[PDB]
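Asks: Experimental structure and sequence below.
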Amino acid sequence: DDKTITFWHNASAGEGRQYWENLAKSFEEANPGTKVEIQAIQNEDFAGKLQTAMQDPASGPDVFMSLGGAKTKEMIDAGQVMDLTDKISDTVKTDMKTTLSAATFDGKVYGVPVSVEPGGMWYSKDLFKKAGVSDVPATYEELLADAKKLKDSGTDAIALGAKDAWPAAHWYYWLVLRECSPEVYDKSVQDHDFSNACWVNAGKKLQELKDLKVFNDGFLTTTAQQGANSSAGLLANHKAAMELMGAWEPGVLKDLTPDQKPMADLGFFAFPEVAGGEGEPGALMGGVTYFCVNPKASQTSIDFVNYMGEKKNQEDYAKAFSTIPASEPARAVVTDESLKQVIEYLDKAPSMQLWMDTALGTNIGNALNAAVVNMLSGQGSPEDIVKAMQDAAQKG
Ligand SMILES: O[C@@H]1[C@@H](O)[C@H](O[C@@H]2CO[C@@H](O[C@@H]3CO[C@@H](O[C@@H]4CO[C@@H](O)[C@H](O)[C@H]4O)[C@H](O)[C@H]3O)[C@H](O)[C@H]2O)OC[C@H]1O
(Lines give C-alpha, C1' and ligand atoms only; values in the text may rest on other atoms or scores of the structure.)
Protein backbone atom coordinates (compact mmCIF):
# COMPACT_ATOMS: atom_id res chain seq x y z
CA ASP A 1 0.00 0.00 0.00
CA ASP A 2 0.75 3.72 -0.52
CA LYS A 3 -0.07 5.48 2.77
CA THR A 4 1.95 2.79 4.54
CA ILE A 5 5.59 3.72 5.14
CA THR A 6 8.49 1.66 6.49
CA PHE A 7 10.59 3.57 9.00
CA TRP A 8 14.04 2.67 10.34
CA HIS A 9 15.72 4.27 13.37
CA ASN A 10 18.37 3.25 15.90
CA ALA A 11 16.60 3.82 19.23
CA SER A 12 16.79 0.15 20.27
CA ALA A 13 15.13 0.43 23.69
CA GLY A 14 13.60 2.64 26.39
CA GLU A 15 11.95 6.03 26.05
CA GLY A 16 13.68 6.66 22.72
CA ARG A 17 12.10 3.60 21.17
CA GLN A 18 8.78 4.59 22.75
CA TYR A 19 9.17 8.18 21.54
CA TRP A 20 9.03 6.98 17.94
CA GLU A 21 6.01 4.78 18.61
CA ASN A 22 4.33 7.85 20.04
CA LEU A 23 5.29 10.03 17.06
CA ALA A 24 4.06 7.46 14.57
CA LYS A 25 0.77 7.18 16.48
CA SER A 26 0.02 10.89 16.57
CA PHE A 27 1.18 11.22 13.00
CA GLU A 28 -1.32 8.53 12.05
CA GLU A 29 -4.02 10.49 13.86
CA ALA A 30 -3.19 13.74 12.06
CA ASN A 31 -3.03 12.04 8.64
CA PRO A 32 -5.93 9.57 8.43
CA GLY A 33 -5.40 6.37 6.46
CA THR A 34 -1.66 6.40 7.07
CA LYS A 35 0.20 3.62 8.92
CA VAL A 36 3.89 3.77 10.01
CA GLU A 37 5.67 0.38 10.29
CA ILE A 38 8.74 0.74 12.53
CA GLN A 39 12.07 -1.09 12.68
CA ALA A 40 14.31 -0.21 15.60
CA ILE A 41 17.78 -1.37 14.68
CA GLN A 42 20.75 -1.38 17.03
CA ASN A 43 23.41 1.08 15.81
CA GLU A 44 26.20 -1.34 14.96
CA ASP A 45 23.89 -3.36 12.69
CA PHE A 46 22.32 -0.35 11.01
CA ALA A 47 24.74 0.38 8.11
CA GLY A 48 24.76 -3.23 6.97
CA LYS A 49 20.99 -3.60 6.98
CA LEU A 50 20.47 -0.25 5.26
CA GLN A 51 22.96 -0.97 2.53
CA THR A 52 21.69 -4.48 1.86
CA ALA A 53 18.10 -3.25 1.63
CA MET A 54 18.86 -0.19 -0.49
CA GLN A 55 20.36 -2.21 -3.33
CA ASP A 56 16.67 -2.51 -4.19
CA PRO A 57 15.17 0.91 -3.28
CA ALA A 58 11.72 -0.47 -4.18
CA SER A 59 11.95 -3.06 -1.37
CA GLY A 60 13.88 -0.87 1.08
CA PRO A 61 12.65 1.49 3.83
CA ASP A 62 10.77 4.68 2.98
CA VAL A 63 12.33 6.70 5.82
CA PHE A 64 15.68 5.93 7.48
CA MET A 65 18.39 7.42 9.65
CA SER A 66 21.34 8.59 7.59
CA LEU A 67 24.87 7.28 7.96
CA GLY A 68 26.28 10.82 7.67
CA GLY A 69 28.84 12.74 5.58
CA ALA A 70 30.64 10.77 2.88
CA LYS A 71 28.49 7.77 3.74
CA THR A 72 25.30 9.70 2.95
CA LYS A 73 27.11 11.02 -0.15
CA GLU A 74 27.85 7.41 -1.18
CA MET A 75 24.08 6.69 -1.03
CA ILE A 76 23.11 9.84 -2.94
CA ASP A 77 25.53 8.94 -5.78
CA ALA A 78 23.90 5.53 -5.88
CA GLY A 79 20.46 7.12 -6.12
CA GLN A 80 19.35 5.74 -2.74
CA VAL A 81 18.45 9.11 -1.20
CA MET A 82 15.76 11.47 -2.48
CA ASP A 83 16.39 15.21 -2.99
CA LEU A 84 14.43 17.15 -0.35
CA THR A 85 15.43 20.73 -1.20
CA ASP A 86 12.00 21.75 -2.51
CA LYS A 87 10.16 19.47 -0.05
CA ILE A 88 11.30 20.30 3.48
CA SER A 89 8.86 22.56 5.31
CA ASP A 90 9.38 26.22 6.13
CA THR A 91 9.49 25.26 9.82
CA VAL A 92 12.45 23.00 9.11
CA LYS A 93 14.17 25.66 6.94
CA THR A 94 13.78 28.26 9.66
CA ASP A 95 14.45 26.14 12.76
CA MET A 96 17.22 23.84 11.47
CA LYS A 97 19.18 26.69 9.83
CA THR A 98 22.48 25.80 11.48
CA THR A 99 22.08 21.98 11.29
CA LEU A 100 20.80 21.50 7.73
CA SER A 101 24.35 22.05 6.42
CA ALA A 102 25.25 18.55 7.63
CA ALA A 103 22.51 17.27 5.33
CA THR A 104 23.38 19.46 2.35
CA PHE A 105 25.38 18.07 -0.58
CA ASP A 106 26.05 20.05 -3.79
CA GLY A 107 23.70 22.77 -2.56
CA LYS A 108 20.88 20.16 -2.28
CA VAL A 109 19.20 19.14 1.03
CA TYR A 110 18.83 15.40 1.68
CA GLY A 111 17.42 15.03 5.20
CA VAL A 112 15.66 16.49 8.24
CA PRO A 113 17.82 16.87 11.39
CA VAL A 114 16.49 15.76 14.78
CA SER A 115 19.63 16.25 16.86
CA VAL A 116 23.15 17.69 16.93
CA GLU A 117 25.70 15.83 18.99
CA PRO A 118 29.25 17.18 19.50
CA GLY A 119 31.94 15.00 21.04
CA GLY A 120 33.97 15.42 24.19
CA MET A 121 34.67 13.78 27.51
CA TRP A 122 31.90 12.52 29.77
CA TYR A 123 33.05 11.75 33.29
CA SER A 124 32.12 10.74 36.85
CA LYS A 125 32.54 13.82 39.05
CA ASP A 126 32.42 11.47 42.06
CA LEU A 127 35.21 9.24 40.75
CA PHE A 128 37.18 12.38 39.97
CA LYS A 129 37.02 13.71 43.55
CA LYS A 130 37.89 10.26 44.95
CA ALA A 131 41.11 10.25 42.88
CA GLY A 132 42.08 13.85 43.61
CA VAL A 133 41.16 15.69 40.43
CA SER A 134 39.36 18.91 41.37
CA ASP A 135 39.61 20.64 37.99
CA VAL A 136 39.01 19.30 34.48
CA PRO A 137 42.16 18.93 32.30
CA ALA A 138 42.75 21.72 29.79
CA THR A 139 45.66 19.89 28.17
CA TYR A 140 46.37 16.37 26.95
CA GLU A 141 49.29 15.84 29.37
CA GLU A 142 47.06 16.93 32.27
CA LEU A 143 44.52 14.38 31.07
CA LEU A 144 47.12 11.57 30.98
CA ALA A 145 48.17 12.61 34.50
CA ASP A 146 44.56 12.56 35.67
CA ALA A 147 44.39 9.00 34.31
CA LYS A 148 47.34 8.03 36.53
CA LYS A 149 45.66 9.51 39.62
CA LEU A 150 42.42 7.72 38.72
CA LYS A 151 44.25 4.41 38.29
CA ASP A 152 45.92 4.72 41.71
CA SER A 153 42.49 5.17 43.34
CA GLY A 154 41.85 1.70 41.95
CA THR A 155 39.41 2.58 39.20
CA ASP A 156 39.63 2.22 35.44
CA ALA A 157 40.33 5.77 34.24
CA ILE A 158 38.93 5.40 30.70
CA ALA A 159 36.10 3.24 29.43
CA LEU A 160 36.68 2.21 25.83
CA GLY A 161 34.27 0.36 23.56
CA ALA A 162 37.04 -0.93 21.29
CA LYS A 163 35.04 -3.92 20.10
CA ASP A 164 32.93 -1.56 18.04
CA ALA A 165 36.17 0.00 16.54
CA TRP A 166 34.92 3.59 16.24
CA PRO A 167 34.87 4.43 19.97
CA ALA A 168 38.58 3.72 20.16
CA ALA A 169 39.11 5.63 16.91
CA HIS A 170 37.51 8.77 18.41
CA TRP A 171 40.71 9.23 20.43
CA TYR A 172 42.65 9.21 17.16
CA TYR A 173 40.18 11.55 15.43
CA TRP A 174 40.35 14.09 18.25
CA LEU A 175 44.14 13.93 18.32
CA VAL A 176 44.40 14.50 14.56
CA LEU A 177 42.01 17.47 14.77
CA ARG A 178 44.21 19.04 17.48
CA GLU A 179 47.51 18.14 15.77
CA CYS A 180 46.70 19.02 12.16
CA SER A 181 46.15 22.56 10.99
CA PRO A 182 42.59 23.41 9.90
CA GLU A 183 43.82 23.63 6.31
CA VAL A 184 45.80 20.40 6.34
CA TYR A 185 42.89 18.72 8.16
CA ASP A 186 40.28 20.05 5.71
CA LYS A 187 42.42 19.15 2.72
CA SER A 188 43.51 15.76 4.01
CA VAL A 189 39.88 14.75 4.63
CA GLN A 190 38.55 16.08 1.37
CA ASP A 191 41.50 14.85 -0.78
CA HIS A 192 42.19 11.59 1.07
CA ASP A 193 45.76 12.70 1.55
CA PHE A 194 47.24 11.47 4.82
CA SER A 195 50.88 12.34 4.17
CA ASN A 196 51.30 15.16 6.67
CA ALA A 197 53.31 14.44 9.83
CA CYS A 198 50.33 15.41 11.99
CA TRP A 199 48.72 12.03 11.12
CA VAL A 200 51.60 9.96 12.53
CA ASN A 201 52.10 12.34 15.45
CA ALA A 202 48.50 11.82 16.57
CA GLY A 203 48.90 8.03 16.64
CA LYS A 204 52.07 8.50 18.63
CA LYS A 205 50.07 10.52 21.16
CA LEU A 206 47.54 7.68 21.19
CA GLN A 207 50.21 5.03 21.75
CA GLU A 208 51.37 7.06 24.74
CA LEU A 209 47.88 6.70 26.27
CA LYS A 210 47.91 2.98 25.43
CA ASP A 211 51.23 2.47 27.25
CA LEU A 212 49.72 3.91 30.45
CA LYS A 213 47.41 0.85 30.67
CA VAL A 214 44.50 2.98 31.93
CA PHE A 215 41.61 1.43 29.97
CA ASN A 216 39.11 -1.06 31.32
CA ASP A 217 40.82 -4.42 30.97
CA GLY A 218 38.25 -5.92 28.59
CA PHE A 219 38.31 -2.89 26.27
CA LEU A 220 38.95 -5.07 23.22
CA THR A 221 35.75 -7.03 23.83
CA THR A 222 33.83 -4.04 25.20
CA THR A 223 31.04 -2.61 23.06
CA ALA A 224 30.00 1.03 23.29
CA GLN A 225 26.27 0.96 23.92
CA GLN A 226 25.25 -2.65 24.62
CA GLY A 227 24.75 -3.97 28.11
CA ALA A 228 25.89 -3.11 31.59
CA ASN A 229 29.47 -4.02 30.69
CA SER A 230 29.48 -1.82 27.57
CA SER A 231 31.69 1.24 27.87
CA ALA A 232 28.76 3.58 28.59
CA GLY A 233 27.60 0.92 31.08
CA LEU A 234 30.94 0.98 32.88
CA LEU A 235 30.72 4.75 33.14
CA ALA A 236 27.06 4.73 34.13
CA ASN A 237 27.68 2.32 37.03
CA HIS A 238 30.87 4.00 38.19
CA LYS A 239 33.18 1.15 37.14
CA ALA A 240 35.16 3.56 34.94
CA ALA A 241 35.71 7.31 35.35
CA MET A 242 35.33 8.70 31.80
CA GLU A 243 34.48 8.05 28.13
CA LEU A 244 35.09 9.99 24.87
CA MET A 245 31.77 10.24 23.01
CA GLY A 246 29.09 12.18 21.18
CA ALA A 247 26.39 14.16 22.95
CA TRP A 248 23.95 11.25 22.73
CA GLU A 249 25.81 10.18 25.88
CA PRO A 250 23.46 11.32 28.73
CA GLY A 251 20.48 9.48 27.22
CA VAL A 252 22.54 6.34 26.70
CA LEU A 253 23.87 6.50 30.27
CA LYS A 254 20.38 7.12 31.61
CA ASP A 255 19.26 3.73 30.24
CA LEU A 256 22.18 1.89 31.83
CA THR A 257 22.15 3.14 35.44
CA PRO A 258 20.59 0.93 38.20
CA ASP A 259 17.35 2.95 38.26
CA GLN A 260 17.30 4.01 34.61
CA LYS A 261 17.50 7.61 35.73
CA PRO A 262 20.12 10.14 34.60
CA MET A 263 23.67 9.69 35.84
CA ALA A 264 23.62 11.80 39.02
CA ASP A 265 27.24 13.03 38.84
CA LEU A 266 27.71 13.32 35.09
CA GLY A 267 30.12 15.96 33.86
CA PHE A 268 31.40 17.12 30.51
CA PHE A 269 34.65 18.69 29.33
CA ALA A 270 35.99 19.46 25.85
CA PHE A 271 38.75 17.32 24.42
CA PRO A 272 41.87 19.04 25.82
CA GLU A 273 44.37 21.14 23.91
CA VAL A 274 47.51 19.39 22.68
CA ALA A 275 50.92 21.02 23.12
CA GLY A 276 52.55 21.53 19.75
CA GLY A 277 49.48 20.73 17.70
CA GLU A 278 48.35 23.37 15.22
CA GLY A 279 44.59 22.79 15.21
CA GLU A 280 42.21 25.68 15.76
CA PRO A 281 41.90 25.56 19.58
CA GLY A 282 38.47 24.47 20.79
CA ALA A 283 37.67 23.02 17.38
CA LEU A 284 34.41 21.09 17.56
CA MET A 285 33.74 17.71 16.05
CA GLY A 286 30.51 15.75 16.28
CA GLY A 287 27.40 14.39 14.62
CA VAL A 288 24.10 15.47 13.18
CA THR A 289 21.37 12.85 13.11
CA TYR A 290 18.91 13.30 10.29
CA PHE A 291 16.38 11.21 8.38
CA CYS A 292 16.42 10.52 4.68
CA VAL A 293 13.62 9.58 2.32
CA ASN A 294 13.75 6.70 -0.18
CA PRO A 295 13.80 8.12 -3.75
CA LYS A 296 11.02 5.62 -4.56
CA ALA A 297 8.76 7.00 -1.79
CA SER A 298 5.36 8.75 -1.53
CA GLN A 299 4.21 12.09 -0.12
CA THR A 300 3.33 10.44 3.20
CA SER A 301 7.04 9.83 3.82
CA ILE A 302 7.68 13.54 3.18
CA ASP A 303 5.01 14.62 5.63
CA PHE A 304 6.53 12.24 8.16
CA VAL A 305 10.04 13.71 8.12
CA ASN A 306 8.63 17.25 8.18
CA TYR A 307 6.56 16.15 11.17
CA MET A 308 9.84 15.33 12.95
CA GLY A 309 10.99 18.91 12.56
CA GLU A 310 7.98 20.48 14.22
CA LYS A 311 8.91 22.22 17.47
CA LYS A 312 6.81 20.16 19.87
CA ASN A 313 8.09 16.87 18.46
CA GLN A 314 11.66 18.17 18.72
CA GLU A 315 11.17 19.26 22.32
CA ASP A 316 9.79 15.78 23.01
CA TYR A 317 12.84 14.35 21.22
CA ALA A 318 15.13 16.29 23.53
CA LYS A 319 13.43 14.92 26.64
CA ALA A 320 13.21 11.34 25.36
CA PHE A 321 16.81 11.12 24.17
CA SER A 322 18.33 13.52 26.74
CA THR A 323 20.08 15.17 23.77
CA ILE A 324 20.33 18.53 21.99
CA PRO A 325 17.52 18.88 19.42
CA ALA A 326 18.30 20.27 15.95
CA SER A 327 15.47 22.84 16.03
CA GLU A 328 17.00 25.92 17.72
CA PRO A 329 13.73 26.93 19.45
CA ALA A 330 13.25 23.40 20.87
CA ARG A 331 16.67 23.68 22.51
CA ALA A 332 14.95 25.88 25.11
CA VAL A 333 13.56 22.81 26.86
CA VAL A 334 17.07 21.47 27.60
CA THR A 335 17.89 21.15 31.30
CA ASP A 336 20.92 18.81 31.66
CA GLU A 337 23.87 20.89 32.91
CA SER A 338 26.41 18.99 30.79
CA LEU A 339 24.27 19.46 27.69
CA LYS A 340 24.05 23.13 28.55
CA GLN A 341 27.85 23.54 28.42
CA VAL A 342 27.82 21.69 25.10
CA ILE A 343 25.32 24.18 23.70
CA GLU A 344 27.56 27.01 24.93
CA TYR A 345 30.51 25.48 23.03
CA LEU A 346 28.17 24.98 20.07
CA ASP A 347 26.83 28.54 19.94
CA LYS A 348 30.35 29.93 19.61
CA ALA A 349 32.19 27.45 17.39
CA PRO A 350 33.26 28.66 13.94
CA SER A 351 32.50 25.18 12.60
CA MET A 352 31.99 21.53 13.44
CA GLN A 353 33.77 18.68 11.68
CA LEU A 354 31.66 15.54 11.25
CA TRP A 355 33.00 12.33 12.76
CA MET A 356 36.18 11.48 10.88
CA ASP A 357 35.12 8.00 9.78
CA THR A 358 31.84 9.50 8.63
CA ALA A 359 33.72 12.29 6.77
CA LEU A 360 36.07 9.83 5.03
CA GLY A 361 33.41 7.26 4.07
CA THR A 362 33.01 3.50 4.38
CA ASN A 363 36.29 2.04 3.09
CA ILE A 364 38.56 4.62 4.62
CA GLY A 365 36.51 4.96 7.79
CA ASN A 366 36.44 1.20 8.39
CA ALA A 367 40.12 0.70 7.55
CA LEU A 368 40.97 3.55 9.90
CA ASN A 369 38.90 2.25 12.85
CA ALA A 370 40.29 -1.28 12.51
CA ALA A 371 43.84 0.05 12.25
CA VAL A 372 43.53 2.07 15.43
CA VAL A 373 42.14 -0.96 17.24
CA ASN A 374 45.08 -2.97 15.92
CA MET A 375 47.65 -0.57 17.26
CA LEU A 376 45.87 -0.51 20.62
CA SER A 377 45.99 -4.30 20.76
CA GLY A 378 49.73 -4.19 20.09
CA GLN A 379 49.46 -5.38 16.49
CA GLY A 380 49.96 -2.09 14.66
CA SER A 381 51.80 1.22 14.64
CA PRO A 382 50.88 4.88 14.17
CA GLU A 383 52.46 4.42 10.71
CA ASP A 384 50.17 1.46 10.01
CA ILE A 385 47.07 3.55 10.69
CA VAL A 386 48.23 5.93 7.94
CA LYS A 387 49.12 3.02 5.63
CA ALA A 388 45.64 1.54 6.06
CA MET A 389 43.79 4.73 5.14
CA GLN A 390 46.05 5.20 2.11
CA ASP A 391 45.49 1.68 0.90
CA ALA A 392 41.70 1.94 1.14
CA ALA A 393 41.75 5.44 -0.39
CA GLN A 394 43.02 3.77 -3.60
CA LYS A 395 39.58 2.32 -4.26
CA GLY A 396 38.03 5.79 -4.35
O1 LIG B 1 30.90 5.50 13.02
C2 LIG B 1 30.57 6.04 14.24
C3 LIG B 1 29.08 6.04 14.53
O4 LIG B 1 28.50 4.78 14.45
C5 LIG B 1 28.49 6.77 15.70
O6 LIG B 1 27.06 6.59 15.64
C7 LIG B 1 26.41 7.23 16.67
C8 LIG B 1 26.49 6.36 17.90
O9 LIG B 1 25.50 6.31 18.87
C10 LIG B 1 24.18 6.55 18.52
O11 LIG B 1 23.41 7.05 19.62
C12 LIG B 1 22.22 6.34 19.74
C13 LIG B 1 21.22 7.31 20.32
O14 LIG B 1 20.22 6.95 21.20
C15 LIG B 1 20.33 5.83 22.01
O16 LIG B 1 19.04 5.34 22.32
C17 LIG B 1 18.37 6.20 23.18
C18 LIG B 1 19.25 6.92 24.17
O19 LIG B 1 18.68 7.68 25.16
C20 LIG B 1 17.61 7.19 25.89
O21 LIG B 1 16.88 8.23 26.44
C22 LIG B 1 16.75 6.33 25.00
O23 LIG B 1 15.81 5.67 25.81
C24 LIG B 1 17.29 5.43 23.90
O25 LIG B 1 16.33 5.12 22.95
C26 LIG B 1 21.12 4.78 21.30
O27 LIG B 1 21.17 3.62 22.05
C28 LIG B 1 22.42 5.07 20.56
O29 LIG B 1 22.79 3.98 19.78
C30 LIG B 1 24.11 7.55 17.39
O31 LIG B 1 22.81 7.86 17.02
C32 LIG B 1 24.99 7.44 16.17
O33 LIG B 1 24.85 8.56 15.39
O34 LIG B 1 28.99 8.07 15.73
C35 LIG B 1 30.34 8.22 15.48
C36 LIG B 1 31.02 7.48 14.34
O37 LIG B 1 32.38 7.46 14.56
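Replies: Right, received. Where do you want to start? Numbers count the residues shown, from 1 in each chain.

Asks: What is the burial count for residue 240?
Replies: Residues within reach of residue 240, counting by other C-beta atoms under 10 Å, total 27. All C-beta spots, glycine's among them, are computed from the backbone N, C-alpha and C.

Asks: who's in contact with the closest residue to it other than its chain neighbours?
Replies: Excluding the flanking residues, the one nearest residue 240 by C-beta to C-beta, 6 or more residues apart in numbering is residue 159, at 3.6 Å. Neighbouring residues of residue 159 by C-beta atoms under 8 Å, 6 or more residues apart in numbering: 215-216, 219, 222, 231-232, 234-235, 239-243.

Asks: Which one of these is nearest to residue 393?
Replies: Of all the contacts of residue 159, residue 393 sits closest to residue 219, with 27.7 Å by C-beta to C-beta.

Asks: from memory the closest one sits against residue 164, does it?
Replies: No. Checked against C-beta atoms under 8 Å, the pair residue 219 and residue 164 is beyond contact range at 10.8 Å.

Asks: Give me the subset of the contacts of residue 159 lying in helices.
Replies: Counting by DSSP state H, the members of the contacts of residue 159 that fall within helices are 231, 232, 234, 235.

Asks: Kindly provide the distance from the last one to the ligand.
Replies: So the one you mean is residue 235. Residue 235 sits 14 Å away from the ligand, taking C-beta to the nearest ligand atom, to the nearest Å as the criterion.

Asks: Assign a three-state SS to the residue of the stretch 251-396 of the chain at minimum distance from the ligand, would you?
Replies: When scored by C-beta to the nearest ligand atom, the stretch 251-396 of the chain has residue 251 as its residue closest to the ligand, at 2.5 Å. Recorded secondary structure, residue 251: helix (DSSP: H, G, I helix; E, B strand; the rest coil).

Asks: residues near it, how many?
Replies: By other C-beta under 10 Å, the residues close to residue 251 number 24.

Asks: Likewise for the one 5 residues further on?
Replies: One way to gauge burial is a neighbour count; for residue 256, by other C-beta under 10 Å, it gives 21.

Asks: quick one: contacts for the closest residue to residue 161 other than its chain neighbours?
Replies: Excluding its sequence neighbours, the residue lying closest to residue 161 (C-beta to C-beta, 6+ apart) is residue 224, at 3.3 Å. Applying C-beta under 8 Å, 6+ apart, we find residue 224 in contact with 161, 164, 166, 167, 230, 231, 232, 245.

Asks: one more time with 6 Å, if that's ok
Replies: By C-beta atoms under 6 Å, 6 or more residues apart in numbering, residue 224 lies in contact with 161, 164, 167, 230, 231.

Asks: Please produce TSV containing the residues you listed, extended by neighbour count.
Replies: Formatted as TSV, these follow (neighbours: other C-beta atoms under 10 Å):
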residue	neighbour count
161	28
164	20
167	27
230	21
231	31
